[PDB]
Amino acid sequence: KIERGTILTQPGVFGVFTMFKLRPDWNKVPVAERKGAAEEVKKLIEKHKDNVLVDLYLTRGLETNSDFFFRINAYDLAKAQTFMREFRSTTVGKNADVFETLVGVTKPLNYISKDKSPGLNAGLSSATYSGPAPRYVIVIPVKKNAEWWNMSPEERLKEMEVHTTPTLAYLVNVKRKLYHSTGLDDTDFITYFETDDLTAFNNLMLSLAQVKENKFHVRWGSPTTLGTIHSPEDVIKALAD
């Protein structure tokens, strides 16, 4: 068992994000096989119901380098691998190349904890999304330089309390998840957002752009991937025609 509620909430969980882009020779796959494609993916996800949690998102028309992308959660990285491997054997899998992959792992809080920063940590854990279900997904890999990592845990804590201050407000607006990747893939972190209000999301990024921590970023995007939230079959249903 892998309950969506729990797995998204616990440490030690692997995320594997994989951006795929359909090849042109998918248009020539017979309108028939293509329309059977969504069901095949749906079935695959059920098969791996107990090994990994699957999310699928539609970026076609909004992104140069992906038509759609998966988020995979697993307690076992090898299991994430197995699912993705089987996905690429599927009809759609066979007609799309991979354009990006980010591997990450969930960890406990490093800075804004009950021990280290009790005040902000309360604001954090007792904050709650309000309003329309989010339609938009944003995924943003982040890497910081040696200079940041060479700061004292005390100095980086103060920087991260600065990060947390103007941003708590946006938790009514925007959902967030943080994955950790240093040494696992070419990025320090993989950040995941769901929102309905992009203008708000824009203001949120500017907020964080304007603080000292931004000064240490060497990757903060590239790609910034913003696509649209749907059920797995519905994403494949949209790629069909």
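All residue numbers refer to positions in the sequence shown, first residue = 1.
Per the PDB record, of the two stretches 154-162 and 100-108, 154-162 carries the greater mean B-factor over its C-alpha atoms. Between the stretches 34-42 and 54-62, it is 34-42 that shows the larger average CA temperature factor. Per the deposited coordinates, the residue with the largest Cα temperature factor out of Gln81, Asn145, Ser117, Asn73 is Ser117.
The PDB entry assigns the greatest CA B-factor among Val137, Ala122, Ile140, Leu171 to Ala122. In the deposited entry, the Cα temperature factor of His217 places it in the lowest third of its chain's modelled residues. In this PDB entry, the Cα temperature factor of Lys175 sits in the middle third of its chain's modelled residues. The deposited CA B-factor of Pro24 belongs to the highest third of values across its chain.
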